């Protein structure tokens, strides 16, 4: 086990902060919660601090900490995400929404004191202004996914490509293609893995006492397919 992996033996507080600009509409989101990598369980709550979120909450779930995946403790494995800690990793995505616009995101995931922090900047371009995203036509729900991890030896990190199906309020799905790379922030050695996948299930809900625009997230993340 690496020292980074051992930072996750307990339940770790999480902070998320996102600065976003979609079709010129600027917005910010703060999140708070905690993660238990022993079980793969994450609880997170997000509040749009700038007023109404200009995109549907489900389009941001993947952007809002895969270092909390449950990896099998008694099977040999390389956990890139935890082993990069505490100095952390940069997580970059392009997300392409079919027949709509694209997100470009850059995030730093690292310890700040005792807290695992995910700090993101997001740029959205070419969204249809009365389309499914800008028009808030997505159902407030979320599907489970398998996402396949592979080593990126040239960048001493990992790459991930995966498809998300976002259900529409009135029936149908919006496909969202995710292109992801993760690279360590520090100089020290990191674990690069054999190909495997992370299995994610997520439950979205609301707090009746929170009048701000917000999202309550419960998530389970488990590694598998480990050669």
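Residue numbers count along the first chain shown, from 1.
Undergrad: Between residue 27 and residue 28, how many deposited residues lack coordinates (none, 1 to 3, 4 to 9, 10 or more)?
TA: Going from residue 27 to residue 28, the model skips no residues of the deposited sequence.
Undergrad: Regarding 141-149 and 116-124, which shows the higher C-alpha temperature factor on average in the entry?
TA: In the deposited entry, the stretch with the higher C-alpha B-factor mean is 141-149.
Undergrad: On average, are the C-alpha B-factors higher in 183-191 or in 43-51?
TA: In the deposited entry, the stretch with the higher C-alpha B-factor mean is 183-191.
Undergrad: Would the CA B-factor of residue 154 place it in the lowest, middle or highest third of its chain?
TA: CA B-factor rank for residue 154: highest third.
Undergrad: Can you tell me which third, lowest, middle or highest, the CA B-factor of residue 86 falls into for its chain?
TA: Middle third of the chain for residue 86's C-alpha B-factor.
Undergrad: Of the three thirds of its chain by CA temperature factor, lowest, middle or highest, which one includes residue 173?
TA: Its C-alpha B-factor belongs to the highest third of this chain's values.
Undergrad: Lowest, middle or highest third of the chain for the C-alpha temperature factor of residue 201?
TA: It falls in the middle third of the chain.
Undergrad: If you rank the chain by CA B-factor, which third does residue 63 end up in: lowest, middle or highest?
TA: For residue 63, the deposited C-alpha B-factor lands in the lowest third.
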